[PDB]
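Visitor: Residue numbers (our numbering), protein chains in the order written: chain H, 1 to 43; chain X, 1001 to 1044; chain W, 2001 to 2536; chain U, 3001 to 3518; chain F, 4001 to 4518.
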Amino acid sequence: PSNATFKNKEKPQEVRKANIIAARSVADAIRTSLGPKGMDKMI
Amino acid sequence: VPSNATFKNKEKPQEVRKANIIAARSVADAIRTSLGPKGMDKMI
Amino acid sequence: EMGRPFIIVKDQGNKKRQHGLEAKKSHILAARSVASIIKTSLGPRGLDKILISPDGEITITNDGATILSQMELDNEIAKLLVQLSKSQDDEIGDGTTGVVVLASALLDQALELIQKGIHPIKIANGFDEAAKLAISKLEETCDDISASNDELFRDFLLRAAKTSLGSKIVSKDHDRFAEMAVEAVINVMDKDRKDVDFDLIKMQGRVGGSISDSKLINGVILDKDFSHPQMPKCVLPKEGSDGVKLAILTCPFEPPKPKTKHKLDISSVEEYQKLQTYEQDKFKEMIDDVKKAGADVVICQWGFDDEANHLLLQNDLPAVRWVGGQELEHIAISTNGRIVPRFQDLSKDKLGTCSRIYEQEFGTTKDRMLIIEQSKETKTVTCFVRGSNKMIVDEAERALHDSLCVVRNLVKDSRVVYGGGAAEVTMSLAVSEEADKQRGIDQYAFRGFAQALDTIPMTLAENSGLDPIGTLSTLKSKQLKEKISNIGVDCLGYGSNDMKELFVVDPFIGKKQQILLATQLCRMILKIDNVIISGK
Amino acid sequence: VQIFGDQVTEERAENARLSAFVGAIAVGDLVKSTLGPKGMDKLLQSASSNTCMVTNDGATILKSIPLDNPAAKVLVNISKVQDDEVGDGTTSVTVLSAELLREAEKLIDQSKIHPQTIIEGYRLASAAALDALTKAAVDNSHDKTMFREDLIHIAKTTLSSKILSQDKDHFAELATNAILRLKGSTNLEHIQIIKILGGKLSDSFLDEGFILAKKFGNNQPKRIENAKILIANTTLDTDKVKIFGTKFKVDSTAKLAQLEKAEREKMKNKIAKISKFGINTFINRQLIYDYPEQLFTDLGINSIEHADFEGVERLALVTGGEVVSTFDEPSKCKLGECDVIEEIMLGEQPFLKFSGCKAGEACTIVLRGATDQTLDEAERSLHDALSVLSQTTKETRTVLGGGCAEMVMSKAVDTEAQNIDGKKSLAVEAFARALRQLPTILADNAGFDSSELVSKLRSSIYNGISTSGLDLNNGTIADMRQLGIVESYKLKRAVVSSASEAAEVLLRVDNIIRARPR
Amino acid sequence: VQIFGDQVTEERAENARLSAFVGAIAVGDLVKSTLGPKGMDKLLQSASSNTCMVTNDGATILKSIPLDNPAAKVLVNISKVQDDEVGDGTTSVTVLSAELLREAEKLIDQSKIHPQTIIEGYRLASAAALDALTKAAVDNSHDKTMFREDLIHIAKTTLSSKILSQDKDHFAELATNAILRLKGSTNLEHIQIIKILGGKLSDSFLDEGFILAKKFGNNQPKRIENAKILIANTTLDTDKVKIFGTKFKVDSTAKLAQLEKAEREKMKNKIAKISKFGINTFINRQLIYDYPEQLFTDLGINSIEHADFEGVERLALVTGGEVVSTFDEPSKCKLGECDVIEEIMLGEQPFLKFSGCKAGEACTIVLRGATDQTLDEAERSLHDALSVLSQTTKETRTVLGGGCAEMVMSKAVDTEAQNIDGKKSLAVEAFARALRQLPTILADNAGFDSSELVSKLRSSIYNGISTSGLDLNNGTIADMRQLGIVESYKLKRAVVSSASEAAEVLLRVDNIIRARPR
Ligand SMILES: Nc1ncnc2c1ncn2[C@@H]1O[C@H](COP(=O)(O)OP(=O)(O)O)[C@@H](O)[C@H]1O
Ligand SMILES: Nc1ncnc2c1ncn2[C@@H]1O[C@H](COP(=O)(O)OP(=O)(O)O)[C@@H](O)[C@H]1O
Ligand SMILES: Nc1ncnc2c1ncn2[C@@H]1O[C@H](COP(=O)(O)OP(=O)(O)O)[C@@H](O)[C@H]1O
Ligand SMILES: [Mg+2]
Ligand SMILES: [Mg+2]
Ligand SMILES: [Mg+2]
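1. Looking only at its chain, what residues have a beta carbon closer than 6 Å to the beta carbon of residue 2073 of chain W, apart from the 5 residues adjacent to it on each side?
2. Can you tell me the Cα-Cα spacing of residue 4007 of chain F and residue 4317 of chain F, whole angstroms?
3. Does any residue of chain C have a CB that is nearer than 8 Å to the CB of residue 2053 of chain W?
4. Using the rule of at least 16 other Cβ atoms within 10 Å of the residue's Cβ for burial, across every protein chain shown, is residue 3114 of chain U buried or exposed?
5. Name, in chain order, the residues that DSSP records as bridge partners for residue 3350 of chain U.
6. With 9 Å as the C-beta to C-beta threshold (strictly closer), list the residues of the region 3305-3327 of chain U near chain W in chain order.
7. Report the neighbours of residue 4116 of chain F on chain U: residues whose CB is nearer than 9 Å to its CB, in chain order.
8. Does the beta-carbon distance from residue 3508 of chain U to residue 2169 of chain W come in below 8 Å?
9. Indicate, with yes or no, if ligand 6 has a heavy atom lying under 7 Å from the CB of residue 4402 of chain F.
10. Can you check whether the C-beta of residue 1016 of chain X is within less than 8 Å of a C-beta belonging to chain W?
11. In chain F, what lies closer than 8 Å to residue 3112 of chain U by C-beta?
12. Taking the Cβ atom as the reference point for each residue, do residue 3019 of chain U and residue 3010 of chain U lie within a distance shorter than 8 Å?
13. Just to confirm the assignment, what range does the alpha helix (DSSP H) spanning residue 4489 of chain F have?
14. Please tell me whether, using a cut-off of 7 Å, the distance from the CB of residue 2464 of chain W to the nearest non-hydrogen atom of ligand 1 is below it.
15. In the DSSP assignment, find the alpha helix (DSSP H) that holds residue 2505 of chain W and state where it starts and stops.
16. Check the Cβ of residue 4040 of chain F against every Cβ in chain X and list those closer than 8 Å, keeping chain order.
17. Kindly list, in the order they appear in chain U, the residues whose Cβ is closer than 8 Å to that of residue 1047 of chain X.
18. Would you say residue 4106 of chain F faces chain H, with C-beta separation under 8 Å as the test?
19. Can you give me the start and stop residues for the beta strand (DSSP E) that residue 3053 of chain U sits inside?
20. Three-state secondary structure (DSSP) at residue 3289 of chain U?
21. Does the count of Cβ pairs from the region 4329-4345 of chain F and the region 4247-4266 of chain F closer than 8 Å reach three?
22. Does the structure place the region 2200-2209 of chain W close enough to the region 2384-2396 of chain W that three or more beta carbon pairs sit under 8 Å?
23. Using C-beta distances below 7 Å, list every residue in its chain close to residue 4187 of chain F, excluding the 5 sequence neighbours before and after it, in chain order.
24. Answer yes if the region 4481-4498 of chain F comes into contact with the region 4084-4093 of chain F, meaning at least three C-beta pairs across the two stretches below 8 Å, and no otherwise.
25. Pull the bridge partners of residue 4469 of chain F from the DSSP assignment, please.
26. Look up residue 2265 of chain W in the DSSP assignment and say whether it is helix, strand or coil.
27. Kindly examine ligand 3 and report whether one of its heavy atoms sits closer than 7 Å to the Cβ of residue 4476 of chain F.
28. Tell me which residues of the region 3247-3268 of chain U have at least one Cβ-Cβ distance to chain W shorter than 9 Å, keeping chain order.
29. Do we get a CB-CB distance below 8 Å when we pair residue 1026 of chain X with the residues of chain U?
30. What does the Cβ neighbour count give for residue 4031 of chain F, buried or exposed, with the cut at 16 atoms within 10 Å?
31. Report yes if the C-beta of residue 2492 of chain W is less than 7 Å from at least one heavy atom of ligand 1; otherwise report no.
32. Could you check the C-alpha separation between residue 2527 of chain W and residue 2120 of chain W for me, to the nearest Å?
33. With burial defined as no fewer than 16 other Cβ atoms inside 10 Å of the residue's Cβ, what is the status of residue 2307 of chain W: buried or exposed?
34. For residue 1022 of chain X, go through chain W and note every residue whose CB falls closer than 8 Å to its CB, in chain order.
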């Protein structure tokens, strides 16, 4: 309860959340290209 | 004799008092020439 | 104006003119801004200051010569104080922070006299006469230490060393710094104890380790390593030897070629085959001339081609490449050798002699540096300084450099004084006593010079957290009751205001220049009337 | 009257002392979370080329991030010196030197202590801290078995703060054997690190030999047994002789063909002298053209080109041979010996592997990683571990880690604070509380208590037990001798000396002057 | 995803907090030098109109200085609330509320305590601090001799920090007699303060009767013996006829001449009803036209016009009469009497002086100074002193000041802190050390070592002697009963309550959302 450590920093856990969102957004772009039913990507 | 008692902090007020005296004496220098019967008028 | 443009000088509106009392007030306040900066760093209780260069490099020092050198200013009066401390560091090398405080103290007392209606030349005439009365008074009080032998003469060098080492960063090691600074002059000096050569002592800094690793090494320290490092790092002499027979060569190892541009025409195969044998015969001849002379380590200015890497490896001859021309002069002095211009002039008498040649690993990677040691007293002493910060390795150079400037001044005969504010108080009461006898219009001139000398002892009480009024009143009352001039301000607070028991010693030639540089500079400043400053 | 020019920033007052102390707080707080095996890595955003760099070391983080505060540049320089001197502890120096300013800030503000008094307080406090580590140092160099075992425990402590803390048990022997191969050599440029992308992180191995990325030129076989390796530095390709003032005066092209043919005769005569050694392999650091390479085909001699000079010294120490030029004299020249030479392939690039070499003075480390960021981290993680173990062969004294060494020094600091009296007692005791922060941050990164857990370690030492330490795995007090947590004595003195000297820098600055940028 | 918008500044977690802590430090350091009798005054220069103000009050400094920090306005509002309810101690509230955050800043950092846990520590600490301060109070007003002497000691303590501190010995009687003449009614509307240039500060004298700057009529004499004073709410002016809302319909100008004459006889009959009272003096709230003024000369009636809203009640209470409107019934509104109505002159502006009235329920204070900067502070110096002396009439509980009250409250905090288990006990001890910061600054502004004076005062109270305090003149520990330093209980209770609640607000902020400024 009151004896717990507050750690003073909620930033480290918020930085990882912003890193996972941008990482999953890149993996979700090529998701439609997987398998024989995948689609080509023109760059 | 050193290292004991107290050490002065925030010395800016020492400079602020000097800046206030120097600026006040500069104003007193222009009016100083008007002192006495030999003084001159100041046109503003 | 009459309606036509009136321009006497090009860039009329750009340049400005100052005259009257406003021109004098701007010059005094310009020195007060510089003084209050230097007064904080004066004394062993002073504090350093960060100097930011336009290129991003930083410098931390309390030295008035270094602070003002890298300081970018505008007003020319403050720029005159820059060369004031530069004049003190170039010649004497000690008391750079005292000449700025003393000069501004003369200007502060002169501003009060100008407001009273005194002509500026009459103020400058009073400071010149009062400067010679203070120097002649302190010259009679000091005593000659030259009567002591060489055993006691080393003690006086240790006394003035510990004083100059204070007030600067890394002042905890001053005990060992004072010992190493004196031993450099003990090794390098004339037999008559006169006119010692300072250029024979080089200051070589190194970044790494800790300050406790600083030690004296007599020899040459080079940044270049052994070429083709298949040879052992530490070179040892032969069983019996006269020495290591160090060789110095300003000529690279190459087949002889004309200095002028030449054209070698080969008209046949037979002429080309002779060039093949002529090529290898020279590299075999150059390595034999060194072996016949008994030399071991060969030093080359321009280096040599990879052909001689294995050639000098077979004969076990260490070699270095790309050694600077200035370092070659430093090498021949330590080993007492002679530079050999060519193999035809190579002899065993021109080879240098040193105790040992070796390299140190220093840190993890860094770079490889060569170290030379001497087996006896020589004319070369190289200072070795280490530190955990780049700023520490830098400031420690000029910290020991200024310490060597104090010792070389003591080499001059029959000049010594005791510091700690005892010199300024003794010379202050001598000037104030003459003011009562002379009277006249110059009576107020000696008062301004006497009050200016007391500013240095009062500044020492500010950094130590003392009362400048109670400290100055004690020093003045002591000189009137007794003739002992050795009582002064103690910023370390060990008691015993007598300087004889505290061992603090300063060169008289350094304190004499402080009055001359401060008085003669204020004489020029007080003569300035019209100030013309062009726009940048 | 302003003596300074335009756009000149200076603080002569409290703003200067405030900016100097707070400037070190942001530097200390940046590397604070990177201290300990539970610390987290930091990310660096490059201003150009968009090259990301992830490193736990504080030396790279401080040098990469631009800092315009001079108070910050002092903590950056001491980290570069700590990396270049010992090779490890760059974060510990920055944190410890920052905590010295934290305790010195409250003495000037609250306690009203003179700045030099705080500086003179650390002088007598650091003397007791360095003497406390001397009596706690144990020299195991008298036994080769106990000395080799200590090299493994030191590697486990250094590799724990990096990403290798999971596999550090497998990598402790690889880093220990690599130092034993050097036989006391402190030079780390003799060990090659080849980073390979892909595979498991635990697949990193250390071969006995020299692994060269270069391959044979054209027709040389991949695998050959009983091959004598020779190294030649100079020329042997289209030799220019020496002087540049040589020319060919030709009356008719019939004679010109004989002059160029004589150049090929010089090449054939030089290769013919190489065959007199009886070597199956030849290596040139300079690249070899097609004409001289074909001469090795009939002689059965291998050829290798484009070898870097820093790899030549590494190669010469593996084969135990000698660099040979001026082939006229075979007697004074020495060649290297190798049992078998095979060309392998790791990933897409084939490599040249050596095995059964006579001399072990140099080796080559191969690393495996999932990303190049882990590869750059794996090389820097071993560079910090191999640097401490290299200095251990020189100075064999060791001191226990895990919060023990920091608290033992604070025991001698509190003793000297009573005899000094004066106002320095607050400055001396401030140095002891600054030593509490290093084991405290170890518990902060692991999510532990910063008060009761530290008090248990402090009360255990004053009872007569000097072997007590902090255990971050179980979150309690454990013995450091059993857990095998120990560091070099040179690392302990370097952190205390560098932080004490760096703290004396900013405390001496009353005024900060900033010139107009260029 | 940015939901808020463009140009929206927001801070979260460790970024959100430490914005409130630095804000309290920047605000607390401004009023830190103004605390105590040796404190230094602060000059405030406006960005427009070039108006400067010299003030020692912490509330007036924070209102003038623009602050965009949301946490800075927290310390500004509590300075206004402390100024609204009491008027003194606004500097101590800003400092004490800032010291609570400075101590709590290290609680979350060093000891790792949750912010809400620290709030629970102040709740138990403030409850024990108010109980110890209440028991230390001494009952007052039971004796009229001791009640008057205690008011003199309060005025000397409040004016000690003001520029009046040199002349406050003579000003203790100036501010005391103004409260006793109020007859229990607490208002500052009844006390007039007039600024006069010239002379010295100690030339300020107490006004017997009521003095207000006015002017006599043109034909009216200056001095009248035993004059009757009346105040009229209604003004003598053209009233139209009665109800307004009308205009005259004139068929022939023969009736128009007698029409304007009828309006002249209406105001003439109104003065005839006023003359039935037999008054020698008349006072109106608004400007009087020249026509009714001539009727006062033949009847021997003084005239005073352009009376401020505050001047109506100030004059009516001193004379004892009440404001008359209809004038119809002579028996009602019995009027007082003034001995001397003769007007005097102070400086270049003559001031109407009254003497020998029936009631002293309203007062007037004359102040003389060299510059308006001193006169602006001289009014605010007495305004803070008269506010506490007025609140002391209704609230008789008083306590000892001079740094003693803060130390006595901290004694009970450390007593109950030993019986509180858990991590919240560290926040309780932080409240006790925060109470010791107020007497610590008292020694810093006086040029004396704070570590020596606070340590001797802290250990002296634990011995059982609660009368010990700080003496800034001799720089030692002296008794507060002998020095005569007494402060009201309402003053010290408002400082502890406002500072403890203000620090609780900023510790509850984990996020700050700044909208785009208009
Ligand atoms: N340890 C000391 N004890 C007494 N006086 C000292 C001591 N160190 C320096 N001083 C005095 O302080 C003055 C300034 O010395 P310092 O600032 O160290 O170098 P510089 O003379 O170049 O300014 C000297 O004149 C000297 O008399
Ligand atoms: N298993 C463990 N238990 C307790 N402490 C440990 C353990 N592993 C490492 N440590 C401690 O964590 C610290 C890691 O410090 P480190 O981050 O390497 O500092 P730097 O980066 O400056 O070298 C070491 O000083 C060590 O004492
Ligand atoms: N003559 C005095 N001697 C010692 N302490 C004093 C004296 N006068 C005032 N103080 C102390 O100064 C503090 C501030 O007083 P005051 O100026 O009334 O409040 P503020 O500074 O908040 O406006 C009080 O807590 C009191 O203890
Ligand atoms: Mg010096
Ligand atoms: Mg490490
Ligand atoms: Mg007050």
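Each residue gets a CB set at the ideal place from its N, CA and C atoms; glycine is no exception.
Guide: Looking at the atomic coordinates:
1. For the purposes of this step, residue 2073 of chain W is taken as residue 73 along the third sequence, with counting starting at 1. A distance below 6 Å between beta-carbons, with the five flanking residues on each side excluded, links residue 2073 of chain W to the following residues of its chain, in chain order: 2079.
2. Mapped onto the fifth sequence, residue 4007 of chain F falls at position 7. Mapped onto the fifth sequence, residue 4317 of chain F falls at position 317. Spanning the two alpha carbons is a distance of roughly 59 Å.
3. No chain C is present in this structure, whose protein chains are H, X, W, U and F.
4. On the fourth sequence, residue 3114 of chain U is found 114 positions in, with the first residue counted as 1. Buried, because 16 or more other Cβ atoms sit within 10 Å of the Cβ of residue 3114 of chain U.
5. For the purposes of this step, residue 3350 of chain U is taken as the residue at position 350 of the fourth sequence. Paired residues: U/3345.
6. 3313, 3316, 3322, 3323, 3324, 3325 and 3326
7. As a first step, residue 4116 of chain F is located in the fifth sequence; it is residue number 116 there, counting from the start. Correct list: empty, because the minimum Cβ distance to chain U is about 18 Å.
8. Position 508 of the fourth sequence, counting from 1, holds the residue named residue 3508 of chain U. Position 169 of the third sequence, counting from 1, holds the residue named residue 2169 of chain W. Taking 8 Å as the Cβ cut-off, residue 3508 of chain U and residue 2169 of chain W qualify as a contacting pair.
9. As a first step, residue 4402 of chain F must be located in the fifth sequence, where it is residue number 402. No, Cβ of residue 4402 of chain F sits at least 7 Å from all heavy atoms of ligand 6.
10. Mapped onto the second sequence, residue 1016 of chain X falls at position 16. No, because no Cβ of chain W sits closer than 8 Å to the Cβ of residue 1016 of chain X.
11. Position 112 of the fourth sequence, counted from the start, is the residue given in the question as residue 3112 of chain U. Residues of chain F passing the Cβ test: 4444, 4449, 4450 and 4451.
12. Sequence index remark: in the fourth sequence, residue 3019 of chain U carries index 19 (1-based). Sequence index remark: in the fourth sequence, residue 3010 of chain U carries index 10 (1-based). Taking 8 Å as the Cβ cut-off, residue 3019 of chain U and residue 3010 of chain U do not qualify as a contacting pair.
13. By 1-based counting over the fifth sequence, the position of residue 4489 of chain F is 489. Run containing residue 4489 of chain F: 4489-4506, per the alpha helix (DSSP H) assignment.
14. Working through the third sequence from its first residue, we reach residue 2464 of chain W at position 464. No.
15. Here residue 2505 of chain W is taken as the residue at index 505 of the third sequence, counted from 1. First-last for residue 2505 of chain W: undefined, no H or E at that position.
16. Translated into positions along the fifth sequence, residue 4040 of chain F becomes position 40. Those within 8 Å of residue 4040 of chain F in chain X are 1013.
17. Nothing can be reported for residue 1047 of chain X, as the shown portion of chain X is limited to 1001 through 1044.
18. Position 106 of the fifth sequence holds residue 4106 of chain F. It does not; no Cβ of chain H falls within 8 Å.
19. The residue labelled residue 3053 of chain U in the question sits at position 53 within the fourth sequence. Per DSSP, residue 3053 of chain U belongs to the beta strand (DSSP E) from 3053-3055.
20. Taking the fourth sequence and counting its residues from 1, one reaches residue 3289 of chain U at position 289. The answer is coil: DSSP assigns residue 3289 of chain U none of H, G, I, E or B.
21. no
22. yes
23. Position 187 of the fifth sequence, counted from the start, is the residue given in the question as residue 4187 of chain F. So no residue of the chain qualifies.
24. yes
25. For this step, residue 4469 of chain F is matched to residue 469 along the fifth sequence. For residue 4469 of chain F, which the question treats as bridged, DSSP gives the partners F/4478.
26. Stepping through the third sequence from its first residue, residue 2265 of chain W is reached at position 265. Of the three classes helix, strand and coil, the one that applies to residue 2265 of chain W here is strand, per DSSP.
27. Counting from one through the fifth sequence, the residue named residue 4476 of chain F turns up at place 476. The answer is no for residue 4476 of chain F.
28. From the region 3247-3268 of chain U, only 3247, 3248, 3249, 3250, 3251, 3255, 3258, 3259, 3261, 3262, 3263, 3265 and 3266 have a Cβ closer than 9 Å to chain W.
29. For the purposes of this step, residue 1026 of chain X is taken as the residue at position 26 of the second sequence. By this cut-off, residue 1026 of chain X is not an interface position.
30. Numbered from its first residue, the fifth sequence carries residue 4031 of chain F at position 31. It counts as buried.
31. Translated into the one-based positions of the third sequence, residue 2492 of chain W becomes position 492. Because some heavy atom of ligand 1 lies under 7 Å away, the Cβ of residue 2492 of chain W counts as near it: yes.
32. Residue numbering aside, residue 2527 of chain W sits at position 527 when the third sequence is read from its first letter. Residue numbering aside, residue 2120 of chain W sits at position 120 when the third sequence is read from its first letter. If I take the Cα positions, the gap works out to 7 Å.
33. If you number the third sequence from 1, residue 2307 of chain W lands on position 307. Its Cβ being crowded by 16 or more others within 10 Å, residue 2307 of chain W is buried.
34. Counting from one through the second sequence, the residue named residue 1022 of chain X turns up at place 22. Here the neighbours are 2029.
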